[PDB]
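Notes for the one structure printed next.
Number of protein chains: 2
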Amino acid sequence: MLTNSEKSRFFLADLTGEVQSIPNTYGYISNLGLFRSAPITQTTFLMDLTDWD
Amino acid sequence: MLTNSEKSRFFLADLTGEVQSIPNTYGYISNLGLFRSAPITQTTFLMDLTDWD
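Sequence order for the protein chains is L and E.
Residue 53, in the UniProt record's numbering, is where the first sequence stops; the numbers in between run on with no holes.
Residue 53, in the UniProt record's numbering, is where the second sequence stops; the numbers in between run on with no holes.
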């Protein structure tokens, strides 16, 4: 693939290709499967607690 | 299940179950079954001890 030179409009130079970089993305805990899914239909929710000795 | 909001009688919010806690109960020695049941009729009992040399 011939392209324009570095500092001239009439000479040609050879282009090789691209070098892509992608950031790292850790996903250990996400795929561990600990957390369950509990969809709700309200802005908030409540919960009760109990105990005895 | 839907219930009243935190501070409004005319709004609803979701109630997500309950959580319970129970005290611990160790039973190791009872399960060992060392002791026998010897029911009696009176409020006291006696025994005899003997020996020789």
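For each residue, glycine too, the CB sits at the ideal point set by N, CA and C.
Simplified DSSP state of residue i, which is helix, strand or coil
| i | result |
| --- | --- |
| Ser21/E | strand |
| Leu32/E | helix |
| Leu46/E | coil |
DSSP beta-bridge partners of residue i
| i | result |
| --- | --- |
| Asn4/L | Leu12/L |
| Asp51/L | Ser21/E |
Cut-off 6 Å between Cβ atoms - residues of its own chain near residue i, not counting five sequence neighbours on either side
| i | result |
| --- | --- |
| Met1/L | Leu15 |
| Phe11/E | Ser5 |
The ligand FMN heavy atom lying under 6 Å from the CB of residue i
| i | result |
| --- | --- |
| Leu15/L | For the structure depicted, the ligand FMN is absent and the ligand set is empty, with no information on it obtainable. |
Cβ shell of residue i (< 8 Å), same chain only, five flanking positions each side left out
| i | result |
| --- | --- |
| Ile29/L | none |
| residue 56/E | As shown, chain E starts at 1 and ends at 53. That puts residue 56/E outside it, with no answer to give. |
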